[PDB]
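Worksheet for the structure shown next.
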Amino acid sequence: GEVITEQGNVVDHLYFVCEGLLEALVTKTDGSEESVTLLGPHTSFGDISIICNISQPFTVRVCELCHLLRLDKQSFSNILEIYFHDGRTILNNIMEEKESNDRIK
Amino acid sequence: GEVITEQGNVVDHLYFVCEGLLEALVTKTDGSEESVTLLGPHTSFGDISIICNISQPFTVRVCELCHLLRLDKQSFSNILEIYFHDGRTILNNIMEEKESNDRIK
Amino acid sequence: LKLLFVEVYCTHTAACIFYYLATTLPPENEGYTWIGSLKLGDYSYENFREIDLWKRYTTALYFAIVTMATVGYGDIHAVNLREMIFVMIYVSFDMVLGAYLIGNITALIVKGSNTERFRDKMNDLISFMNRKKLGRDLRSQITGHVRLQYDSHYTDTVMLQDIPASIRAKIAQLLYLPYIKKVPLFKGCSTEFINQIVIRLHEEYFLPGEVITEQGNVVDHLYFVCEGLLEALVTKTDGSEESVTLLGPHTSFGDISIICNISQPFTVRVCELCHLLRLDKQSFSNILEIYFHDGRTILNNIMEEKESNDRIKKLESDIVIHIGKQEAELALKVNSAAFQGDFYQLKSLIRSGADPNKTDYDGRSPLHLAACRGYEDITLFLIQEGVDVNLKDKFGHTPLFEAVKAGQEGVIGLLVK
Amino acid sequence: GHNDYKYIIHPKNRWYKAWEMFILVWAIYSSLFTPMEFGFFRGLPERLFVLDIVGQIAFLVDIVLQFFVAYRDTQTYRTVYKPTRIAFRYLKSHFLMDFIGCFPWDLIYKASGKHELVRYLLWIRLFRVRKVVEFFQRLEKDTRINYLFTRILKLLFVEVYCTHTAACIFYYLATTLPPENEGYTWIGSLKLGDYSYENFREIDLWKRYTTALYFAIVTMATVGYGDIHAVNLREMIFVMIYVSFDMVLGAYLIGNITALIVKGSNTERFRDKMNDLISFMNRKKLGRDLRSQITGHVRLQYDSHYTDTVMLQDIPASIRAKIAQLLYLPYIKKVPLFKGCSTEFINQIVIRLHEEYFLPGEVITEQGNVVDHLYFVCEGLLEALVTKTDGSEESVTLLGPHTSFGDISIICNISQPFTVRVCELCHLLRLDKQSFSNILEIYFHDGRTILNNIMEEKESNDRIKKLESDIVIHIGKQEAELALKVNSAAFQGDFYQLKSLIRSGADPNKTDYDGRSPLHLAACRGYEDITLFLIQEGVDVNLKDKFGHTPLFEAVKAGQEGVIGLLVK
């Protein structure tokens with residue numbers, strides 16, 4: 001129960017989620033939120049912006065006891081640069097990951 | 001009297017001049033720099049250089065105190081990349097000030 | 001001291017309260033008091049309200065003091081319930097207060113003592129010599145200088161680098177500055193030269209009998225004898241060292257090594273504890289380069305027009321030769337940039353004092369080479385500088401014709417503008 | 001100049017240190033007998049008469065030698081030998097008290113009608129403890145034993161001295177009461193066991209001494225058995241004074257020992273950090289081989305200590321330079337990087353150098369990093385591994401002893417071609433980027449010489465041609481700088497500059513940014529002697545520039561007939 005990432009945020013810190021599920025509530029401009037639950041154990045959030053330079057797609061608030069593996073933007077991108085074909089492979093794997101996930105954005 | 005940055009220094013932090021005066025004595029080949037001021041609270045230096053990727057334009061020293069709100073250059077650059085049009089707004093606003101802000105002019 | 005006064009006051013008040021509690025009993029039940037039933041030696045404090053005042057006081061205070069140190073002789077001890085309760089209160093409070101006393105003293109001596117600081121440093125220094133397998137010839141010196149560091153404590157000051165460089169500049173301008181004006185060799189220059197070269201000065205001390213700069217050794221640190229006495233022995237080929245003069249206050253040596261670029265021509269040994277001011281050779285030469293305008297008169301007071309050691313300039317003079325050279329060199333480096341195309345470097349040299357209208361050894365200005373090379377941005381910044389677009393070289397080539405011959409039609413447009 | 005001022009011995013001179021220890025022993029006895037002589041005796045018995053005489057002889061000899069030995073003038077910090085100053089030093093400080101102590105005060109008291117106020121002068125002899133203070137100063141300074149340890153030994157000696165003096169003063173206060181009133185004294189009314197300690201002035205000296213000292217030692221630890229307690233008012237007052245002073249002194253002793261324990265030792269800090277680490281490892285169920293690796297890390301971490309150089313910066317930079325050139329420089333000459341380079345430049349490296357021991361397996365610099373430190377590998381092997389776009393982190397090589405890495409990011413400032421890891425603990429001689437860059441600016445010839453060293457390794461596996469090429473662009477950059485310098489200085493006429501620089505490098509004709517050799521502009525000046533050198537330098541005399549300017553044409557243009565003749569020749 002701790003709001004961690006908010007929509008429209010340039011995140012230099014993506015997170016890998018280890019314990020407990022989350023809530024990727026896409027805050028609706030009408031006043032409420034999408035109430036979309038963010039998959040927890042062995043999933044992640046706060047990375048799509050890092051992946052494709054969009055603003056933070058959804059507001060995530062920790063719902064269960066969460067241990068995370070927060071990853072910095074700078075070094076992650078640098079490692080992408082070092083491992084280029086691997087990095088492009090991660091980009092593609094992100095597309096495939098959310099192809100069946102049917103993510104909103 | 002705590003000179004923050006001098007001309008030629010690689011810029012890495014955009015410092016906002018909040019409460020407290022700020023000298024920012026521009027450098028001159030006389031070896032004694034100059035006596036130009038950058039006002040006080042509700043001001044900013046280190047912005048321009050960071051945007052144009054040049055090194056510190058001139059010497060900047062603290063007049064009596066300065067509650068500088070440090071901003072990391074890579075982080076600020078990430079913002080201007082992500083807010084491209086808003087980044088342009090900044091430069092436009094600066095020229096608008098520069099015409100009377102000979103300090104930056 | 002506060003807590004010791006608290007001890008004194010609490011014991012005095014405890015003795016007074018103890019004797020008072022003795023008095024609260026009726027004078028017939030005195031035998032059931034601490035003092036009424038007191039039989040120290042052969043003296044019985046029978047009529048304890050009729051004894052001398054100082055005997056009663058010193059007895060009560062004897063009890064109070066011994067209990068304060070928890071000696072508990074047992075000769076004087078609480079008997080009544082009032083006395084026993086009061087002794088309980090006093091003893092419980094005194095235990096805490098004595099624990100506070102021990103804690104305060106222990107805090108004071110856990111803070112550390114300058115002797116301890118030196119010991120720690122010196123112990124680790126000796127361990128470094130052991131582990132590094134150093135020679136004794138300099139181990140004696142290094143221990144000597146650690147001890148000297150203690151003997152002056154000038155090292156708090158270097159531990160005060162945290163104070164901003166402006167304030168450090170001011171303390172330097174308070175102590176080095178009067179010195180550096182006093183010595184005539186370094187006197188007669190801009191306030192800047194003096195102030196900056198003061199900023200870089202570092203305090204050092206040396207024990208008697210230490211060669212800091214040996215004859216024939218390049219000096220990398222220009223020392224100043226602010227206080228103390230040095231010795232400038234000329235070591236001859238056989239080995240005999242004849243001191244031409246003794247280097248006392250207001251005496252500079254090692255300047256030859258930085259200006260004439262000759263390794264020190266005389267071994268400088270230490271006669272007495274000297275307050276020396278280290279000045280990096282690189283830095284001193286740099287400051288002359290920046291301040292060659294004052295370097296003229298300064299060398300006129302060290303090397304030029306100087307008979308102190310009967311030498312004007314053995315090396316090539318540059319206070320005015322390299323100045324004339326530099327006026328062209330700086331623009332030459334500008335031309336090198338115009339061939340290279342580094343706008344910021346080019347600008348930085350213009351900031352340094354470069355005249356963009358200066359030509360080269362072939363008559364070609366930075367405009368010329370910028371136009372020919374076709375760095376249109378370089379030429380644009382030079383246009384903001386308003387360089388003559390009509391001055392030509394020694395071969396009848398104007399900047400417009402530079403752009404024409406080099407095929408730089410865009411630079412042609414910029415020049416036409 | 002010890003020759004002029006004879007009959008003066010050094011404070012450290014031998015055969016005087018032994019005398020110092022002997023007089024220290026005699027001072028210990030005198031300082032610990034004087035309380036006994038004053039308290040337990042109202043006049044020394046005839047049996048103990050030669051002892052007092054010999055003591056005063058010994059301290060007279062001490063005065064005589066204190067009028068001779070030299071000392072180090074604290075302000076000047078030189079051992080001054082002039083006897084006038086030695087006499088002034090002693091006479092002004094520490095002479096009169098000791099001399100007064102030398103007086104046979106017991107003999108005076110006996111031949112003075114037995115007046116007690118004269119015997120009170122015996123307490124002056126206690127000022128011979130100053131010698132114990134001196135010895136404790138010498139022992140403390142000596143690094144062999146801990147400073148705070150001596151502080152507790154000195155405190156223990158203070159405890160013993162004060163306890164013994166307190167016992168003697170307590171028995172003296174017992175003796176001040178008239179014997180008829182001896183029943184009012186702490187000793188007169190003492191009946192430990194069946195011994196009634198009556199007529200106390202007629203007991204063995206040792207029984208009375210131990211009894212008094214027993215009281216003192218018991219109160220020293222505040223045991224307060226109560227068997228021996230004060231009775232008179234004078235004894236009560238003295239016990240108050242002694243008990244308060246002993247409180248403060250015992251608190252000081254407990255504090256000194258507590259400071260010893262609290263400050264700790266290096267092994268104790270290691271063990272507490274290891275307690276933290278084993279907590280971590282046990283919670284994380286780490287592999288036992290890995291647990292051994294971490295233990296080895298911290299073990300080697302305290303075993304190899306080198307931060308004394310951080311503490312060595314206190315020693316002046318000349319001596320730091322001496323230590324550097326006596327330790328690092330042997331390694332540096334062996335390194336091929338500076339092979340055939342000016343030894344003054346290498347010395348400046350040695351001064352700007354930093355000894356370091358990175359752990360086995362600890363990467364020095366990540367792949368593609370702008371290294372801010374040029375590390376010299378000396379006495380051991382380190383791993384260099386190039387990682388590419390394909391991700392293959394193939395090991396370039398084990399660089400080995402007397403080699404160098406990181407200079408690629410210093411000489412030309414390119415991202416680190418190989419991540420540099422470690423295989424086993426070795427010597428790393430770190431060089432800050434700015435220091436090496438600055439000394440390169442100072443010596444551009446040593447810069448080109450490092451370049452020529454890379455060239456001597458060019459054919460070898462110094463760097464991948466691609467990485468090496470980025471370097472040779474920078475190499476051509478510096479040769480071009482030297483080219484413009486050659487042109488300018490040939491235009492200047494300083495023959496030595498051209499000669500030294502040319503033999504250093506740039507033997508061929510160097511075309512400037514206008515493609516021009518120095519021959520043309522030197523000809524314009526009429527510099528026939530530089531023209532003569534450049535004739536010996538094989539500078540092409542038909543060398544038209546980019547703009548087609550022949551040296552013959554330029555000389556003919558200038559009109560310097562002599563230079564034209566040389567060019568035609």
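In the structure tokens, the first chain shown is A, the next is B, and so on; residue numbers restart at 1 for each chain, and ligands run from 1 in the order shown.
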How far apart are chain B and chain A by Cα RMSD after a least-squares superposition over every Cα, paired in order? 1.6 Å
Determine which residues of stretch 14-166 of chain D DSSP labels as alpha helix (DSSP H) from the backbone of this structure, then write them out as a PyMOL selection string. chain D and resi 17-39+50-66+83-92+96-102+105-110+116-119+130-141+147-166
Picked from chain A by DSSP as strand (DSSP E or B), as a VMD selection string: chain A and resid 2 to 5 13 to 17 22 to 25 27 33 37 to 38 43 to 45 59 to 62 68 71 to 72
How would the residues just picked look written out with C-alpha atoms as a PDB file, in the first residue's frame?
ATOM      1  CA  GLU A   2       2.525   2.623  -1.114  1.00  0.00           C
ATOM      2  CA  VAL A   3       2.186   4.642  -4.316  1.00  0.00           C
ATOM      3  CA  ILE A   4       5.536   4.211  -6.057  1.00  0.00           C
ATOM      4  CA  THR A   5       5.213   5.390  -9.677  1.00  0.00           C
ATOM      5  CA  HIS A  13      14.402   3.799 -12.428  1.00  0.00           C
ATOM      6  CA  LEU A  14      12.468   0.800 -13.658  1.00  0.00           C
ATOM      7  CA  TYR A  15      11.466  -1.929 -11.218  1.00  0.00           C
ATOM      8  CA  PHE A  16      11.396  -5.719 -11.309  1.00  0.00           C
ATOM      9  CA  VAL A  17       8.777  -7.090  -8.948  1.00  0.00           C
ATOM     10  CA  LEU A  22       0.499  -4.468  -7.547  1.00  0.00           C
ATOM     11  CA  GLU A  23      -2.061  -2.143  -9.148  1.00  0.00           C
ATOM     12  CA  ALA A  24      -1.222  -0.467 -12.477  1.00  0.00           C
ATOM     13  CA  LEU A  25      -4.141   1.937 -12.165  1.00  0.00           C
ATOM     14  CA  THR A  27      -5.345   7.314 -13.600  1.00  0.00           C
ATOM     15  CA  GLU A  33      -8.397   5.362 -12.042  1.00  0.00           C
ATOM     16  CA  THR A  37      -4.063  -4.657 -11.233  1.00  0.00           C
ATOM     17  CA  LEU A  38      -0.346  -4.923 -11.966  1.00  0.00           C
ATOM     18  CA  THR A  43       6.542  -9.598 -13.112  1.00  0.00           C
ATOM     19  CA  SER A  44       7.598  -5.955 -13.463  1.00  0.00           C
ATOM     20  CA  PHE A  45       6.395  -2.369 -13.822  1.00  0.00           C
ATOM     21  CA  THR A  59       0.156   4.838 -11.613  1.00  0.00           C
ATOM     22  CA  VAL A  60       1.464   1.859  -9.629  1.00  0.00           C
ATOM     23  CA  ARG A  61       0.792   1.513  -5.902  1.00  0.00           C
ATOM     24  CA  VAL A  62       2.325  -1.359  -3.942  1.00  0.00           C
ATOM     25  CA  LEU A  68      11.771  -5.210  -5.782  1.00  0.00           C
ATOM     26  CA  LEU A  71      16.972  -0.885 -12.171  1.00  0.00           C
ATOM     27  CA  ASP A  72      18.433   2.450 -13.221  1.00  0.00           C
TER      28      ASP A  72
END
I need the chain B residues near chain C as a list in words; criterion: at most 8 Å, counting only C-alpha atoms.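 Putting it all together, I get residues 1, 2, 28, 29, 31, 32 and 54 of chain B.
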Within 7 Å of chain C, which residues of chain D show up when using only C-alpha atoms, listed as a ChimeraX atom specification? /D:76-78,143,147,183-185,189,219,222-226,229,231,233,236,240,243,247,251-252,255-256,258-259,308,311,315-316,318,488,491,513,521
Selected residues written out, C-alpha atoms, as a PDB file, in the first residue's frame:
ATOM      1  CA  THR D  76      64.975  25.772  17.639  1.00  0.00           C
ATOM      2  CA  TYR D  77      64.929  21.949  17.904  1.00  0.00           C
ATOM      3  CA  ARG D  78      68.722  21.680  17.914  1.00  0.00           C
ATOM      4  CA  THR D 143      56.093   3.578  19.875  1.00  0.00           C
ATOM      5  CA  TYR D 147      50.248   5.336  24.540  1.00  0.00           C
ATOM      6  CA  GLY D 183      43.386   5.451  72.648  1.00  0.00           C
ATOM      7  CA  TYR D 184      41.831   8.078  70.360  1.00  0.00           C
ATOM      8  CA  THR D 185      43.919   7.153  67.302  1.00  0.00           C
ATOM      9  CA  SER D 189      42.195   1.564  69.446  1.00  0.00           C
ATOM     10  CA  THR D 219      40.254   2.486  50.808  1.00  0.00           C
ATOM     11  CA  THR D 222      36.909   1.441  48.564  1.00  0.00           C
ATOM     12  CA  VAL D 223      36.445  -2.082  50.023  1.00  0.00           C
ATOM     13  CA  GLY D 224      35.953  -0.349  53.418  1.00  0.00           C
ATOM     14  CA  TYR D 225      36.238  -3.468  55.625  1.00  0.00           C
ATOM     15  CA  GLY D 226      35.803  -1.040  58.556  1.00  0.00           C
ATOM     16  CA  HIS D 229      38.813   3.180  60.435  1.00  0.00           C
ATOM     17  CA  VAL D 231      38.981   7.910  64.938  1.00  0.00           C
ATOM     18  CA  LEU D 233      39.042  14.464  63.703  1.00  0.00           C
ATOM     19  CA  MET D 236      38.527  11.809  59.536  1.00  0.00           C
ATOM     20  CA  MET D 240      37.749  12.668  53.395  1.00  0.00           C
ATOM     21  CA  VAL D 243      38.766   9.332  49.600  1.00  0.00           C
ATOM     22  CA  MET D 247      37.508   8.643  43.778  1.00  0.00           C
ATOM     23  CA  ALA D 251      37.547   7.066  37.879  1.00  0.00           C
ATOM     24  CA  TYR D 252      40.493   8.231  35.776  1.00  0.00           C
ATOM     25  CA  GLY D 255      38.418   5.627  32.097  1.00  0.00           C
ATOM     26  CA  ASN D 256      41.917   4.957  30.763  1.00  0.00           C
ATOM     27  CA  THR D 258      37.884   1.822  29.110  1.00  0.00           C
ATOM     28  CA  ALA D 259      39.488   3.976  26.415  1.00  0.00           C
ATOM     29  CA  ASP D 308      49.840   5.243   5.587  1.00  0.00           C
ATOM     30  CA  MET D 311      49.177   9.709   6.338  1.00  0.00           C
ATOM     31  CA  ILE D 315      55.735  14.403   5.255  1.00  0.00           C
ATOM     32  CA  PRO D 316      56.918  17.132   2.839  1.00  0.00           C
ATOM     33  CA  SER D 318      60.303  16.388  -1.386  1.00  0.00           C
ATOM     34  CA  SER D 488      56.904  29.116 -35.976  1.00  0.00           C
ATOM     35  CA  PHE D 491      60.396  31.711 -38.434  1.00  0.00           C
ATOM     36  CA  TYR D 513      47.983  23.746 -42.106  1.00  0.00           C
ATOM     37  CA  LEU D 521      59.157  31.180 -44.070  1.00  0.00           C
TER      38      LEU D 521
END
Spatial neighbours of residue D:569, 12 Å, only C-alpha atoms, chain gap at least 3 places, as number ranges by chain: D: 531-532, 535, 541, 552, 562-566
Counting only C-alpha atoms, the option among B:12, B:81, B:97, B:34 closest to chain A: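 Selected residue with least distance to chain A: B:81.
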With only C-alpha atoms as the basis for distance, which of C:137, C:30, C:289, C:327 is at the shortest distance from residue C:355?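 Using only C-alpha atoms, residue C:355 sits closest to C:327.
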Could you jot down the atom CA of residue B:82 to atom CA of residue A:53 separation for me, Å, one decimal place? 7.2 Å
Computed interatomic separation between atom CA of residue C:385 and atom CA of residue C:356 (Å):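 Separating atom CA of residue C:385 from atom CA of residue C:356 is a distance of 7.7 Å.
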What residues in chain A lie within 12 Å of chain D, counting only C-alpha atoms, written as a PyMOL selection string? chain A and resi 75+78-89
Take the selection from the previous step and output its residues with C-alpha atoms, as an mmCIF file, in the first residue's frame.
data_model
loop_
_atom_site.group_PDB
_atom_site.id
_atom_site.type_symbol
_atom_site.label_atom_id
_atom_site.label_comp_id
_atom_site.auth_asym_id
_atom_site.auth_seq_id
_atom_site.Cartn_x
_atom_site.Cartn_y
_atom_site.Cartn_z
ATOM 1 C CA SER A 75 23.215 1.741 -16.830
ATOM 2 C CA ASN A 78 24.433 1.464 -21.452
ATOM 3 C CA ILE A 79 24.280 -2.329 -21.154
ATOM 4 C CA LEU A 80 21.830 -2.320 -24.073
ATOM 5 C CA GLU A 81 24.450 -0.387 -26.029
ATOM 6 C CA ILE A 82 27.202 -2.852 -25.096
ATOM 7 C CA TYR A 83 25.028 -5.857 -25.965
ATOM 8 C CA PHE A 84 23.414 -4.372 -29.056
ATOM 9 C CA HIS A 85 21.987 -7.456 -30.748
ATOM 10 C CA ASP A 86 21.022 -8.716 -27.302
ATOM 11 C CA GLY A 87 19.474 -5.315 -26.565
ATOM 12 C CA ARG A 88 17.406 -5.368 -29.752
ATOM 13 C CA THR A 89 16.440 -8.902 -28.747
#
Residues within 9 Å of residue D:411, only C-alpha atoms, excluding chain neighbours under 3 positions, as a list in words: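 After dropping sequence-adjacent residues, the list is residues 406, 407, 408, 414, 436, 437, 440, 447, 450, 451, 471, 474 and 475 of chain D.
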Using only C-alpha atoms, which protein or nucleic acid residues come within 7 Å of residue C:233? Drop anything in the same chain fewer than 6 positions from it, and give the result as an mmCIF file with C-alpha atoms, in the first residue's frame.
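Output contents, as saved in selection_18.cif:
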data_model
loop_
_atom_site.group_PDB
_atom_site.id
_atom_site.type_symbol
_atom_site.label_atom_id
_atom_site.label_comp_id
_atom_site.auth_asym_id
_atom_site.auth_seq_id
_atom_site.Cartn_x
_atom_site.Cartn_y
_atom_site.Cartn_z
ATOM 1 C CA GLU C 241 80.641 22.029 0.474
ATOM 2 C CA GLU C 242 81.247 25.767 0.945
ATOM 3 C CA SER C 243 78.230 27.787 2.084
ATOM 4 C CA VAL C 244 78.247 30.971 0.000
ATOM 5 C CA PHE C 266 74.128 24.296 -4.468
ATOM 6 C CA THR C 267 73.020 21.739 -1.895
ATOM 7 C CA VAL C 268 70.609 23.353 0.560
#
Neighbours of residue D:559 within 12 Å (only C-alpha atoms; same-chain residues fewer than 2 positions away dropped), as JSON, numbers by chain? {"D": [520, 523, 524, 525, 526, 527, 552, 553, 554, 555, 556, 557, 561, 562, 563, 564, 565]}
So how many Å separate atom CA of residue C:45 and atom CA of residue C:77, to one decimal?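 Taking atom CA of residue C:45 and atom CA of residue C:77, their separation equals 13.6 Å.
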Which residue gives the smallest distance to chain B among A:73, A:42, A:47, A:26, with only C-alpha atoms counted? A:73
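Restricting the calculation to only C-alpha atoms, the smallest distance between chain B and any of A:11, A:18, A:36, A:51 is found for A:11.
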Neighbouring residues of residue C:363 were defined as those with any atom within 9 Å, considering only C-alpha atoms; residues of the same chain fewer than 6 positions away were excluded. Please report them as a ChimeraX atom specification. /C:392-395
